[PDB]
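Right, one structure below, let's go through it.
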Amino acid sequence: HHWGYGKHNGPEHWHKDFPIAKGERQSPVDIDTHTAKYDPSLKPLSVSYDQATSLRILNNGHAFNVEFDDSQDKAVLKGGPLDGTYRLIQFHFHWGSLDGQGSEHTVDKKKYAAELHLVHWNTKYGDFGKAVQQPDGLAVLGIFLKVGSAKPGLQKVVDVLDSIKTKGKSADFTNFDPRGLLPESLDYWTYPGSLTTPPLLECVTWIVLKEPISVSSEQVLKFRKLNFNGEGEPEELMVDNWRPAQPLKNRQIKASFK
Ligand SMILES: CN(CCc1ccccc1)C(=O)Nc1cccc(S(N)(=O)=O)c1
Ligand code: NA
Ligand SMILES: [Zn+2]
């Protein structure tokens, strides 16, 4: 009886195995755009993905992860609210059963169709497993998806998903360029938070871009054909794999822009 996104094991249950679910810096949150304060001291984000080395795509039963070689400084996030250098390890998405829901963060209570998470770890902690034990261990770049025009740089991901339909399946996924998933503007909001899945560790500097990317209805429909189940198990579509907004508590969301 493992955690997931169903009636019996969804987000309102997670606190029983992971009491930090009711903690002081949980994610995601609603971004109230009028309450966020412009912080003129925040730096432009530096996203250096030219040498990114993708390896593999995995259906882990909760989402799919596009994994990167993080054994060298090859794809890094720096600047913005961050001290030091954070290395890209993986990206994944959260999405809905309907275009009206799917994102984890909300903007003035608006839900997007999906949300991309580019996960990075602080190189001063040596590896990802040590970094998630630290309050500044991770930096997650969050990008909203809206349904409209196709995102050409997403299509190589969409086309491999038939090969990883079910939990525990993986496929080689080399030479994928995550620069094709970024919007034009790097304007962002930032706050201290957590992983949005168990174990819900409070180790994340969240950086949420203001500008969504557009994907097509056909692209998101292909996400919704994935399965939470393993092969030879009853089919349960991988949809609504998002945690709802959590209380802000004693936190301030800062804006990089006016
Ligand atoms: C649920 N797990 C299992 C992996 C795990 C297990 C033990 C320790 C640490 C990590 C997981 O990988 N979550 C996760 C990881 C990175 C980013 C995000 S998100 N959605 O961007 O906040 C969620
Ligand atoms: Na305002
Ligand atoms: Zn995520």
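Easy rule for this one: first residue shown is 1, then count along the chain.
This deposition comes from X-ray crystallography, 1.4 Å.
Even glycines carry a Cβ here, placed using N, Cα and C.
Record check, Swiss-Prot: Zn(2+) site residues include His92, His94, and the candidate from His105, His117 also listed there is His117.
Between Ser97, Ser170, Swiss-Prot assigns phosphoserine to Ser170; no such entry appears for the others, which is not proof they lack it. Residue annotated by Swiss-Prot as phosphoserine (from the set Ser48, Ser149, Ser163): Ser163. Within 10 Å of the Cα of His94 (Zn(2+) binding site), the following recorded positions from the list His62, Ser163, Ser170, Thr197 place their own Cα: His62. A Cβ distance below 6 Å to any atom of ligand 3 is met, among the recorded positions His62, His117, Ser163, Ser170, by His117. A count of other CB atoms within 10 A of each Cβ picks out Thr196 as the most crowded of the recorded positions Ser163, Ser170, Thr196. Considering only the recorded positions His62, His92, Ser163, the residue whose Cα is spatially closest to the Cα of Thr197 (substrate binding site) is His62.
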